[PDB]
Structure formats: C-alpha cells, structure tokens
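Below is one structure, written out as structure tokens; the observations come after it.
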Amino acid sequence: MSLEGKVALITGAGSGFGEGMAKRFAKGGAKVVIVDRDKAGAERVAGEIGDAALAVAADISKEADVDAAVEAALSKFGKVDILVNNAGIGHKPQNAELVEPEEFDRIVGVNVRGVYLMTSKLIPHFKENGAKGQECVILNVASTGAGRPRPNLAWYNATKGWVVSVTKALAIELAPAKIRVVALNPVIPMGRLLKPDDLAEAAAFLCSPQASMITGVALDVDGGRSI
Amino acid sequence: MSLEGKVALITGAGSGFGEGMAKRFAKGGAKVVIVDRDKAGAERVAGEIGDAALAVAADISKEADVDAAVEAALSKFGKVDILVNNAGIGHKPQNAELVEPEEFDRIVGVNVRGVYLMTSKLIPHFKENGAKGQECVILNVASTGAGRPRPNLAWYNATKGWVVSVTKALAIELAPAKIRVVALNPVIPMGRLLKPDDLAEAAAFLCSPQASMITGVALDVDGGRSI
Amino acid sequence: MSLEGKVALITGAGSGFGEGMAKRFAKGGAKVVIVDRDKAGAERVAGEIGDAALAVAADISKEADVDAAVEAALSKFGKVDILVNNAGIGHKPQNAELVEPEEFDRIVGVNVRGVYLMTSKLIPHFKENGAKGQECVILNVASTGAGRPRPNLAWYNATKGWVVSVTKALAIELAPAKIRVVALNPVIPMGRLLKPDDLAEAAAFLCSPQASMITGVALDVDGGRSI
Amino acid sequence: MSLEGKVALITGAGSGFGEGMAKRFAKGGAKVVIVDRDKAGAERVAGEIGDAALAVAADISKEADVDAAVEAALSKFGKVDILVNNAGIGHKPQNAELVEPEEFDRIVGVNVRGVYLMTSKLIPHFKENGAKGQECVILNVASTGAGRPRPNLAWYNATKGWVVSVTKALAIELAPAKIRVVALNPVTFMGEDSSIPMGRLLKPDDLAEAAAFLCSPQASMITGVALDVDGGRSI
C-alpha cells in the first residue's frame, strides 16, 4: 500500500531489473508505465502485471519516442509521480581502445542521452505536481562499476559514473521543487547473486514516502562487492 | 515478513533517534533491548513500548556494563538478531584546540570504544545464528559530519568517520558469516527538518530481510544537506 | 628538468588551464602538442612557448581531427608520453530542463566523446611505449562539480562525473601496461581564487616520475571547496 | 629547496615512511624534528641527517610526552611550520572480535589520541604563524584500508577512517587561519623494510615525494584531500 495512488514510469522494464521493479511497484499499489525498446517484452510484463500497467515500446535515445512515451503515460494515467531511469546497454568486455565509435555512440545514446531526455521531459510535470504538494521521485539505476570498475568495461562504467553524478546534481537543483533524486548501484562477500527482487525492494523503499528525507544518494546493492 | 520475530539491541535508546528506532522496530514486531547510560530514560522508553521492550542501564564505554547488557538481552529474549550502535556524545561546537583531553577521551570512550565493545561482544553470537541460517545485522549510526564536516565539531565528526570506516571493515569481514553491517548518516534542500520517524524508517528497511543484499554502505538521510 | 624528454599532448590548450599546463610542462623540459578548436589560440600558445611546442587545430569531437592530431604529434616529436584531456564546454547556468538536445549533444561531443576519441587513439601507442619500459600518463581534467554540484550546471557536471569514472576504469585496466590515469578536480575556505599555475603544479606533479605510484585518483585542487 | 626555511615535526620518524619523509624534507631545506617512541631510532635518524635534525623521544599517546616534544621543537628551531602525523600501530591480522580491549585501547591511544594531542598542541602556534603570513601544513598519514578495507584489520582500519575524517574536519575549520590539512593513503604498519596493479611495492621514497609536494607552496590551494599512493590498489 506504500505507493497507492502513485504512477511510475520505468524504462528498460521489459526484462531483468526493470521488470522486477515494475512488478514490485504495482504490488505496492502503483500504476506502472512499462517502457522498453523490446515491444514483446513491454507487452508481456504489462500483461503479467495486469490492469495497473501500460505497455510502451520506445527507443529513449530518440526525442520523438520519449515525447510519445510521456504523452502515452499522461493520457492513460493522468499524471507521473515516479520516474525510474533503468534502461542501459553495454559493450562486451574488451580492451577499451577496441570499442569503436558507432558502438560507443550507441551506448552513450541510451545510457546518457536517454536519461537526459526522459528526465528533462518529465521535470516540468514533476514541478507542477510538487506545487500542488505531490512529491515526485526520480530514481536512476547505475552500477558498482561507476565508482568501482574492473578492467574491460571502461566506456560502460563511465556512463554509470555520469548517472551517479547527474543524480547528485539534479537532486540539489530539484529539492526545493519537492522532487527527490536517487540512484541504485547494483553489481560476492554475501556469497550469493543479486536477484531482481532484491533491487526491487531497495527501489520501492527509495521511491516511497518512507524515504521522503532521502535525496542525492547512490545506494550500493551488491552483497558487499563495492567495499 | 520484515522485523517479526527479530530481537534488536539498541544503544542510546532512552531518547532521540535511538528511542525512535526502538519504537519503530517494536511496531514492526521486533523485541527491543533499550540500552542507555540514563537508567530513567531506558525504563521510560521500555514502559512506553511495553512487554516487547527490556530496559538495560549501561555505560557502553565500560566492558563489564556491555557484558551485563548482552547477558540481560540473551536472558530475556533468548537471542539477538540486530545491533544498533546509536549511542553518541559530542562537544559544544568550539575551536578544535579548545577541547581538552578529558572531554576528548570521554567522546572516544562512547563513540569509538562503546561501538568496539558492544559489537565485538555480540559477534560470536551473531556468527552462530548466521551459521544456523538466521542472518544478523549491525547498524551503525554515524553522521553527515563524518564525510561533510562544517567547522567546530572536529573531534566529534572524526569519531563518526571512525564509525563509517568500521562499518566497511566489519561488513567485508563478516559478510561470509551472514552478518550485514550498515550505517546511517543523519544530518536543508528538501525544506524541512529530519525527525526520528524519518531515520527509523531507513533503519527498519536496512535491518530487514528486504535489505538482505545490502552491506558495507553508509546511507545519508539528510534532505540533501550533504550534496 | 622533471619532464625532460617527455612529450605531452594537451587538449583545450589555447587558453586558461590548458595553456597554463602547456607552459608549465614546457618549463619542466617537456615537448608539448597544443591542441585546441581555436586555431589562432593554439598558434598563440605554441608561439609563446617556442621550438618545444607544436600548434594543432582540432575539433576533438570528430574522429578525423583526432587521428590528424595524433599523426601530427607523432610526426613532429616521434612519441607522446603524456595525454592531458582538458578541453571542455558547458552551458550558461540554468534550470536543467531548459538545456535543449542540440546543446546537450554538443557538450557530450566535446566532454565525453572527445575524451574517448583522443584517449582510445593514443592507447595503442602508450602500450608500445609501456612495453619499451616507458611509463605514460593520462591526466583528465574534471571538476569539483562532478562530486559536489551546485544547482544549474547539471548536464555539464554530469560529463565531469563521466570523466572521474573513466579515470578509475582506465587506471585499473591499463596499470599492467605501465600507463597511469589520474584526474584533477579544479574548483572556497582558503579564501582566494584558483589560478592556472596552481592547477599546473598539481598536473606537473601527477604527470612526473615523482608520482610513479599514483594512479586512479581524482585530486581536488580547490582551496577546500569540496570538503 | 622547496621547503627551505621551514620546520617539520614528524611522528614515528625513527623508521619506515616517517624516516623516509624526514630525510626527504631535510634534503629539501627543512629543519626536522624526529619524534619517536623508540629513542635510539630517533637519535639514529637525526644523526644520519645532521644539524638540520633534532631527535625527540615521545610516546605521543601521552599528553606529558607531547608537551615536552613540542617545547623541545620550539626551543631548538624557534617555530614549526609543518606537522606530519605518521606514527601508527596496528594489530596482527585476526577476526575482529579476538582483539582484546587492552590492545584496542593501545591502538586508539597512538593512532587517534596521538593525532589529537600533537595537532591540538601545535594549532595555537600554527595560528600565530598564519596571522604573520606564514602558511602552515598538517599532513596525516592514513591508509587505503580506511576507505577500502580487506578482512582482518578492522580496528586498525577504523582508526585510519578517523584520521581521514579529522583531516577533512580540521581542513575546513583551519583554512581561514592559513593552515592546510591534507592526508596520504599508503597501502608492518609504518612502512619499515627488512597483486599491485602498477606491478611493484610502495617504497618510503614514493610516499615521501607525495608528502614533499603536499607540504610545499606548489600545493598552496590543496586542502582537505586524502591522496591515495597505492599503485592503483584502491581503485
């Protein structure tokens, strides 16, 4: 019941962690907009969640797709309260200098430009919500690789460092507008793998009124791997 | 299931943040051991909570008081699953060089030795539980002063730096024993004060099975103050 | 004479910090390749240093300009031992949501893609030098805003977070190849403004053999701003 | 000659990193006060440097020893410009719960109380130098284990977290008095002689060079930092 009444828009929500978060948010009483590049993925997750979910196929590196995604969410649910920037792509592990410009550009398009587009497009609506006293949350999913890289994912890890840094910058700027901005760093000392439902719980907590005084942070959820 | 069935020993539980946590944990179905140098404070808080709370007067800077506290917790509740190192004393803000050795040594004795004593005394018990499948949590309450100091609390802030650092060291070492070790840093951009309520919610999340993959972290709860 | 016999390529070296480092490096006996989008400014700085300097006009957001710059460096001086990524652009301070895509993308082109392009194009050469027993250094100029943003520079500050993160990732990956990768964060409790020569000295230190055991760090040079 | 005319007091200077720093600072023109609990060690290092060096026997965990140490430095050299907090003790690697209170107390006494004593007793003099236009520096030697611990050194590492945190707290408070406070994080606890991404081990001279840079006018706008010198170990 923690998120009852709230509307969350979640990117990369057709699979893995994004799907886990959307299912968990919906179980908490939230309406969920399932945004993914994979249309079959988005539709399947929407189906499994049920009436609380809207499926939206989009390539968030593209301005037009973001605009369409946002319009569809607003049209279906009347407002957005929570944005989870979760979509991300990598490169296969390799020597940094072997990643070529096309691949590098694609990675930046989703992991950097996508976050920029999705966020800047929803900020005016969030500010409007905050003026009527309805607090909003932007949650960015980054990675332990942002601040604790191992070799061979240089360009991917750097986009995640961008995400953590943008989280702090937006948080200090948007706080007085009643918009919180947080991040999660998913990855092992605890001796088991991270499952989508683990990350989902941290996300539901951070996006709930139980975390109303928490903004600008990057929470590691990683079994102690970043230590 | 979250805190139902758990036993939490909380230091400095006779007022402020410590009291807030004890009441929040008890509401979650936990048993709580109310540890404070202030006997009347511990008894007041324990009576405000009722049958699920046990009062224990103790000066955690003293080894024999810690032992008696651990012994009374186990005598009463059979086990301890959660330790909250919350007890802390500071100095009146002042030029660093004006804090005299006697007062300095007192601050260290509670904020540093008290943590060492209460934690090292519960670890063998925590390892036994963890080995039997009952995961345990150590929660340390530090301060945003540890990493983001402002003038005139130098020696107080440094003991909080000690707390953040020991959280990390204990977490990496105890993770294989299935004991998590985490920290909170209570403090304003969000435009309002932090209440014991707020910090208690974060403590309840981090000490729950909903945080089973979170260890080694220090989470700021500060309305953005430290950005 | 600490940098005697070394060749440094410095981007954005036609003015400001970049120029200060170029002159300081040359005073330490290095040959310097002055790279800047502003041809007349690259020429000015090169002319002021003398025979030890080569002016090179380049838009580092374009692969063709990068390849040409690296070729010209190698053609003139036979090798490059030090790369300083210092070229950066930003936006007028303003609300984040008011920075439009064309401007957002241009900032990324210089601050993100330009560093990736210049760095990846030099790594094979740095690896060759490393195998011949010659230590190479990549110095990334980021900003205090990366980790301590103030409102209104969100997307700019984010690119600087990308740079600090890429410093760590490349440092871990390339250490075995005898290539150090370090960052500086220029900015005030010390009560005065930061001058080019202040940063220049930190740079000359980090790029010299006196720092041969320092890699993966981001050094704040900020009179205490980041504390 | 970057430190010519400056006076540096260095703790744990009887061996290892501290002895390395002391010789390096003296080569740069500084007078050096060699403070160590091991009296014979202090006297050896002072004798190896010459007239620029003064040996001082002190257990810096003790206020009385610290008072005598400071008085001796001022009476010999007339002033102190640089303080290096380098002395440190640890415990043998073991399960954290096995370190007993008496050992724990000893570690806090040197690594924590010792830094508090030496620094708080020099601050009023450092503020006088500051007011006269003479910049001072406090350099604290911490460790990569403060922010990046590995198992078995919990209580040692935590004292080094305290060092890093106090460096930040004192830096912000003391900056307007013209006193910088900085820290070094090197990866045996005092660097004494007879895996690493960079492919060799840290030597006292590596650490000494970083310290010499941080304590010089070439670093006049650097304060509040904790600089890792670890060959990439902490990344």
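Chain identifiers are assigned as A, B, and so on, following the order in which chains appear in the structure tokens; residues are numbered from 1 within each chain, and ligands are numbered from 1 in order of appearance.
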>> Quick one: residues within 10 Å of residue 63 of chain D, only C-alpha atoms, excluding same-chain residues fewer than 5 positions away - as a PyMOL selection string?
In response: (chain B and resi 101) or (chain D and resi 58+68-69+113-114+116-118+121)
> Got a sec to pull out which chain B residues are within 6 Å of chain D, counting only C-alpha atoms, and send them as a list in words?
Replying inline: residues 97, 120, 146, 149, 151, 154, 158, 159, 161, 162, 165, 166, 169 and 173 of chain B
> Distance atom CA of residue 220 of chain B-atom CA of residue 214 of chain A, one decimal place?
Replying inline: 7.0 Å
> Within 6 Å of residue 34 of chain B, counting only C-alpha atoms, which residues qualify if same-chain residues fewer than 3 places away don't, as a list in words?
Replying inline: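 Near neighbours after the sequence-gap exclusion: residues 10, 13, 42, 54, 55 and 56 of chain B.
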Can I get the selection written as an mmCIF file, in the first residue's frame, with N, CA and C atoms?
data_model
loop_
_atom_site.group_PDB
_atom_site.id
_atom_site.type_symbol
_atom_site.label_atom_id
_atom_site.label_comp_id
_atom_site.auth_asym_id
_atom_site.auth_seq_id
_atom_site.Cartn_x
_atom_site.Cartn_y
_atom_site.Cartn_z
ATOM 1 N N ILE B 10 19.546 -1.905 21.031
ATOM 2 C CA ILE B 10 19.785 -0.542 20.532
ATOM 3 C C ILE B 10 20.390 0.321 21.634
ATOM 4 N N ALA B 13 19.144 4.260 23.511
ATOM 5 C CA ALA B 13 17.723 4.061 23.192
ATOM 6 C C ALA B 13 16.747 4.800 24.131
ATOM 7 N N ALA B 42 15.958 4.730 29.787
ATOM 8 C CA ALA B 42 15.775 3.364 29.340
ATOM 9 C C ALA B 42 14.457 2.794 29.866
ATOM 10 N N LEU B 54 12.864 -4.364 26.826
ATOM 11 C CA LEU B 54 13.554 -4.582 28.096
ATOM 12 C C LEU B 54 14.483 -3.419 28.343
ATOM 13 N N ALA B 55 14.429 -2.835 29.532
ATOM 14 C CA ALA B 55 15.315 -1.724 29.852
ATOM 15 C C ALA B 55 16.642 -2.256 30.396
ATOM 16 N N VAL B 56 17.769 -1.705 29.935
ATOM 17 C CA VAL B 56 19.088 -2.046 30.467
ATOM 18 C C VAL B 56 19.941 -0.763 30.611
#
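Atom CA of residue 157 of chain A is positioned 10.3 Å from atom CA of residue 111 of chain A.
You will find atom CA of residue 124 of chain C at 29.3 Å from atom CA of residue 142 of chain A.
Proximity of A:204, A:28, A:178, A:132 to chain B, computed with only C-alpha atoms, is greatest for A:178.
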> Could you name the residues that touch residue 144 of chain B at 6 Å or less, counting only C-alpha atoms, but leaving out those on the same chain fewer than 5 positions away, as a list in words?
Replying inline: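 Near residue 144 of chain B, the qualifying residues are residues 185, 186 and 187 of chain B.
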>> For the structure I just gave you, how does DSSP split chain B - specifically, which residues are helix (DSSP H, G or I)? Reply as a PyMOL selection string.
In response: chain B and resi 16-27+39-49+63-77+96-98+101-131+154-177+196-206+209-211
>> Distance limit 10 Å, atoms considered: only C-alpha atoms. Which chain B residues sit that close to chain C? Return them as a ChimeraX atom specification.
In response: /B:147-150,226-227
>> Using only C-alpha atoms, can you tell me which of D:5, D:50, D:217, D:232 comes closest to residue 22 of chain D?
In response: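 Smallest distance to residue 22 of chain D is found for D:50.
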>> Let's see if you can do this: from backbone DSSP, list all strand (DSSP E) residues in segment 16-134 of chain A, as a ChimeraX atom specification.
In response: /A:31-36,53-57,82-85
Counting only C-alpha atoms, what is within 6 Å of residue 139 of chain A, bar same-chain residues fewer than 6 positions away, as a PDB file with N, CA and C atoms, in the first residue's frame?
ATOM      1  N   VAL A  84      11.724   5.978 -13.095  1.00  0.00           N
ATOM      2  CA  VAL A  84      12.871   5.113 -12.921  1.00  0.00           C
ATOM      3  C   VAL A  84      13.596   5.008 -14.247  1.00  0.00           C
ATOM      4  N   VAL A 181      15.830  12.914  -5.927  1.00  0.00           N
ATOM      5  CA  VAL A 181      16.592  12.264  -6.968  1.00  0.00           C
ATOM      6  C   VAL A 181      17.617  11.317  -6.311  1.00  0.00           C
ATOM      7  N   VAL A 182      17.489  10.030  -6.625  1.00  0.00           N
ATOM      8  CA  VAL A 182      18.322   8.995  -6.008  1.00  0.00           C
ATOM      9  C   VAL A 182      18.790   8.032  -7.058  1.00  0.00           C
ATOM     10  N   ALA A 183      19.759   7.211  -6.678  1.00  0.00           N
ATOM     11  CA  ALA A 183      20.317   6.188  -7.537  1.00  0.00           C
ATOM     12  C   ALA A 183      20.541   4.889  -6.767  1.00  0.00           C
TER      13      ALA A 183
END
> Residues at most 10 Å from residue 210 of chain C, counting only C-alpha atoms, excluding those fewer than 2 positions away in the same chain, as a ChimeraX atom specification?
Replying inline: /C:2,204-208,212-214 /D:205-210,213
>> Can you pull out the residues contacting residue 87 of chain D? Cut-off 10 Å, using only C-alpha atoms, and skip same-chain residues under 4 positions away; I want them as a VMD selection string.
In response: chain D and resid 10 to 15 17 to 18 35 to 37 59 to 60 110 to 111 114 to 115 140 to 142 189 to 190
File of the preceding selection, N, CA, C and O atoms, as a CSV table (one decimal), in the first residue's frame:
chain,number,residue,atom,x,y,z
D,10,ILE,N,57.8,15.4,12.6
D,10,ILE,CA,57.3,14.2,12.1
D,10,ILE,C,57.3,13.1,13.2
D,10,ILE,O,58.3,13.0,13.9
D,11,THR,N,56.1,12.5,13.4
D,11,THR,CA,56.0,11.4,14.4
D,11,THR,C,56.3,10.1,13.7
D,11,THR,O,56.3,9.9,12.5
D,12,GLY,N,56.7,9.1,14.5
D,12,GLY,CA,57.2,7.8,14.0
D,12,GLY,C,58.3,7.9,13.0
D,12,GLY,O,58.3,7.2,12.0
D,13,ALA,N,59.2,8.9,13.2
D,13,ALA,CA,60.2,9.2,12.3
D,13,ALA,C,61.5,8.4,12.5
D,13,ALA,O,62.5,8.6,11.8
D,14,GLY,N,61.4,7.5,13.5
D,14,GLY,CA,62.6,6.6,13.8
D,14,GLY,C,62.8,5.5,12.8
D,14,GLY,O,63.8,4.8,12.8
D,15,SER,N,61.8,5.2,11.9
D,15,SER,CA,61.9,4.2,10.9
D,15,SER,C,60.9,4.4,9.7
D,15,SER,O,60.1,5.2,9.8
D,17,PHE,N,58.3,4.8,6.7
D,17,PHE,CA,57.8,6.0,6.0
D,17,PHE,C,58.2,7.3,6.7
D,17,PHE,O,58.6,8.3,6.0
D,18,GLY,N,58.2,7.4,8.0
D,18,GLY,CA,58.5,8.7,8.7
D,18,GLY,C,59.9,9.0,8.6
D,18,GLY,O,60.2,10.2,8.3
D,35,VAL,N,60.4,12.7,15.9
D,35,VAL,CA,59.7,12.2,17.1
D,35,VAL,C,59.4,10.8,17.0
D,35,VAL,O,58.9,10.3,16.0
D,36,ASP,N,59.8,10.0,18.0
D,36,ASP,CA,59.5,8.6,18.0
D,36,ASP,C,59.5,8.0,19.4
D,36,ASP,O,60.2,8.6,20.3
D,37,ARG,N,58.7,7.0,19.7
D,37,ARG,CA,58.8,6.3,21.0
D,37,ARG,C,60.1,5.6,21.2
D,37,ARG,O,60.6,5.5,22.3
D,59,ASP,N,56.2,9.2,23.6
D,59,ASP,CA,55.0,8.3,23.3
D,59,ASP,C,53.9,9.3,23.1
D,59,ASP,O,53.3,9.8,24.1
D,60,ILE,N,53.5,9.6,21.9
D,60,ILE,CA,52.5,10.6,21.6
D,60,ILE,C,51.1,10.3,22.1
D,60,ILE,O,50.3,11.2,22.1
D,110,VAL,N,47.6,5.7,20.2
D,110,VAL,CA,48.6,6.2,19.3
D,110,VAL,C,47.9,6.8,18.1
D,110,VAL,O,48.2,8.0,17.7
D,111,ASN,N,47.0,6.1,17.4
D,111,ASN,CA,46.5,6.4,16.1
D,111,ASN,C,45.5,7.5,16.1
D,111,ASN,O,45.2,8.2,15.1
D,114,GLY,N,46.8,10.1,19.8
D,114,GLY,CA,48.1,10.7,19.5
D,114,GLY,C,48.0,11.8,18.4
D,114,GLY,O,48.7,12.9,18.5
D,115,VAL,N,47.2,11.7,17.4
D,115,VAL,CA,47.0,12.7,16.4
D,115,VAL,C,46.2,13.9,17.1
D,115,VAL,O,46.6,15.1,16.8
D,140,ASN,N,48.5,14.2,7.6
D,140,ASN,CA,48.2,13.0,8.3
D,140,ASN,C,48.4,11.7,7.5
D,140,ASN,O,47.9,11.7,6.3
D,141,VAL,N,49.1,10.7,8.0
D,141,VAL,CA,49.3,9.5,7.2
D,141,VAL,C,48.2,8.5,7.7
D,141,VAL,O,48.2,8.1,8.8
D,142,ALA,N,47.3,8.2,6.7
D,142,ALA,CA,46.2,7.3,7.0
D,142,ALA,C,46.5,6.0,6.3
D,142,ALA,O,47.6,5.4,6.5
D,189,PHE,N,53.0,-1.8,9.8
D,189,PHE,CA,52.1,-0.6,9.7
D,189,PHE,C,52.7,0.8,9.5
D,189,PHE,O,52.0,1.7,9.2
D,190,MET,N,54.1,0.9,9.6
D,190,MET,CA,54.8,2.2,9.5
D,190,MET,C,55.7,2.2,8.3
D,190,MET,O,56.6,3.1,8.3
